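Note: ideal-geometry Cβ built from the backbone for every residue, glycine included; neighbour counts use all protein chains shown. Just so it is clear, none of the values below were taken in a lab; they were calculated from the coordinates.
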């Protein structure tokens, strides 16, 4: 159901990714994996689109 979009992220990096996805009507989850940083999840359907916006905005910074 929920596929794993990015991982190994800073907290601010994570937030910006979620912001940019939210701005394009994709809802994402931020997941704290402690020493491994945050990861970003979306819903399978939104994967292609989410990858598009992350390329487009050149995320993560």
Averaging sequence separations of C-alpha pairs under 8 Å and six or more residues apart, then dividing by the length of the range 6-45, give the relative contact order as a whole percent. 47 percent
Residue order, fewest to most surrounding Cβ atoms within 10 angstrom, among 33, 39: 33, 39
Divide by every residue of the chain the summed helix terms, -39500 (n - 2.57) for each DSSP H run of at least 4, and state the resulting mean residue ellipticity at 222 nm, rounded to the nearest 500 deg cm²/dmol. -11000 deg cm²/dmol
Helix 47-56: inclination vs the chain longest Cα principal axis, degrees, rounded to 10, gives 80 degrees
By how many degrees, 0 to 90 and rounded to 10, does the Cα axis of helix 11-22 deviate from the longest principal axis of the chain? 10 degrees
